[PDB]
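What's counted below: heavy atoms across the whole structure, side chains too, no hydrogens, waters or symmetry copies. In this chain, residues are counted from 1 in sequence order.
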Amino acid sequence: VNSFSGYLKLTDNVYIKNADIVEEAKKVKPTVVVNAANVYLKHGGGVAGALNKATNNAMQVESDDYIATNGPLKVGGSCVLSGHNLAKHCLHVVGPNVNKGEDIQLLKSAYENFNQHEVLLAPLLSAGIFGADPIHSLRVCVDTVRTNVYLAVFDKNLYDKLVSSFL
Ligand SMILES: O=C(c1ccccc1)c1ccc(CSc2ncnc3[nH]cnc23)cc1
């Protein structure tokens, strides 16, 4: 039993809700919140900009030190950093950005990072400003993630379309 509330169950292990991931993180304080990161951990907009804003820029400060030490992530890769006031940990996961020309096949590799964590609160990878089809992202999530994932979808219209079209 966990504290996630109001989710629709899609499969044995995947759950979905129309919710602001920032507000959901602040309420649940999950062990792991997933950020829709880029390789530079520059949290300017989309989910990343919103999560970072909620940390009063502490996420960005921590991230800049991480990059200075380790260099950029790989597309499809991830790193674990602090969750600040939102979660115990933040799993920064880089899905391919279609608006940059990145291989959409890397979306499966990106979701594989979730399997290193038993339970996660997450957005749909590569959705939103990353330019991929969210219906496809949900399909890859369900077919790749085996751990327990709670998906927060900000847009109500998109949430309804994802549920109604789910196979
Ligand atoms: O401006 C703030 C703010 C943050 C901290 C403190 C005060 C104000 C803001 C802005 C946007 C959002 C929406 S989060 C989101 N965006 C995009 N895609 C998603 N998929 C799931 N969730 C999302 C929430 C808060």
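Among residues two or more places apart in sequence or in another chain, the side chain to side chain donor-acceptor pair (under 3.5 Å) test is passed with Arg139 by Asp143. Remark: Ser109 pairs with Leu106, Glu112 by the side-chain contact (heavy atoms from CB on, under 4.5 Å) rule, at least two apart or across chains. Not counting sequence neighbours, the partners of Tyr15 by the side-chain contact (heavy atoms from CB on, under 4.5 Å) test are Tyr7, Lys9, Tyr150.
Shown here for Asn13 and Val145, the closest heavy-atom pair between the two residues is ND2-O, 2.8 Å. In terms of heavy-atom proximity, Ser137 sits nearest to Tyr111 at OG-OH, 2.7 Å. Here the shortest heavy-atom pairing between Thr144 and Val140 reads OG1-O, 2.7 Å. The minimum heavy-atom distance linking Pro72 with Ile67 is given by the pair CA-CD1, 3.9 Å. Contact record, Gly95 with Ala110: CA-CB, 4.0 Å, taken as the closest heavy-atom pair. The heavy-atom pair separating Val22 from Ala54 by the smallest distance is CG1-CB, 3.6 Å.
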Between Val142 and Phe166, is a side-chain contact (heavy atoms from CB on, under 4.5 Å) present by the stated rule, with each step listed?
-> CA-CA 10 Å; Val142 164; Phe166 183 72; 3.8 Å; yes

Check the pair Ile135 / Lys161 against side-chain contact (heavy atoms from CB on, under 4.5 Å), numbers first and verdict last.
-> CA-CA 8 Å; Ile135 297 178; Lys161 179 189 192 125; 3.6 Å; yes

List the steps and the verdict of side-chain contact (heavy atoms from CB on, under 4.5 Å) for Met59 and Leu41.
-> CA-CA 9 Å; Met59 177 181 287; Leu41 302 179; over 6 Å; no

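Following chains of ILVMFWY side-chain contacts shorter than 4.5 Å, one can reach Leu125 starting from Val153, so the two form part of one hydrophobic cluster. Linking ILVMFWY side-chain heavy atoms closer than 4.5 Å, directly or via other members, places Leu151 and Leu107 in a single hydrophobic cluster. Both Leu86 and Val119 sit in one connected hydrophobic cluster of ILVMFWY residues. Membership requires side-chain heavy atoms under 4.5 Å apart, directly or through other members. Linking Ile, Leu, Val, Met, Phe, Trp and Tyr whenever their side-chain heavy atoms come within less than 4.5 Å puts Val14 and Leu91 in one cluster. Cluster annotation: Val75 and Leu81 are assigned to the same hydrophobic cluster (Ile/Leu/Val/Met/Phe/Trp/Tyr, side-chain heavy-atom contacts under 4.5 Å, transitive).
When only modelled atom types and interatomic distance are considered, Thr31 and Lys88 share no side-chain donor-acceptor pair under 3.5 Å. Judged by distance alone, the side chains of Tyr40 and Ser63 never bring a donor and an acceptor atom under 3.5 Å apart. Between the side chains of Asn57 and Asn52, a donor-acceptor pair is found at a separation under 3.5 Å.
A distance of 3.5 Å separates CD in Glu62 from NE2 in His84, rounded to the nearest 0.5 Å. For the atom pair CG (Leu158) and CG (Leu138), the distance works out to 9.5 Å, reported to the nearest 0.5 Å. For the atom pair CG of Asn18 and CG of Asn157, the computed distance is 9.0 Å after rounding to the nearest 0.5 Å. Between atom CD of residue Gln60 and atom CG of residue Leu51 there is a gap of 12.0 Å, rounded to the nearest 0.5 Å.
Judged purely by atom type and a 3.5 angstrom limit, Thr147 uses its side chain to pair as donor or acceptor with the backbone of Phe114. Checking side-chain atoms of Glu24 against main-chain N and O of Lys17 turns up no donor-acceptor pair under 3.5 Å. Side-chain N or O atoms of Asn35 include none that pairs as donor or acceptor with a backbone N or O of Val93 at under 3.5 Å. With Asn38 contributing its side chain and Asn97 its backbone, the two residues share no donor-acceptor pair below 3.5 Å. Put simply, the side chain of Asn99 gets close to the backbone of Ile129: a donor and an acceptor are under 3.5 Å apart. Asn2 places a side-chain N or O within 3.5 Å of a backbone atom of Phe4 that can act as its donor or acceptor partner. No side-chain donor-acceptor contact under 3.5 Å links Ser78 to the backbone of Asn113.
With a 4.5 Å cut-off on side-chain heavy atoms, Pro123 and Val34 count as touching. In this structure, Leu121 and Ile21 have side chains that are in contact, with non-hydrogen atoms separated by less than 4.5 Å. Inter-residue side-chain proximity for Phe154 and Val47 is flagged as unmet; no heavy-atom pair is nearer than 4.5 Å. A heavy-atom distance below 4.5 Å is not found between the side chains of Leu124 and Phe130. Residues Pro134 and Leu162 are in side-chain contact: their nearest non-hydrogen atoms beyond the backbone lie under 4.5 Å apart.
A centroid separation of less than 6.0 Å is found between the aromatic rings of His92 and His43.
The number of heavy atoms from other shown groups lying within 6.0 Å of NZ (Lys42) does not exceed 12. The neighbour count for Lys27 NZ, taken as heavy atoms of other residues, nucleotides or ligands under 6.0 Å away, is above 12.
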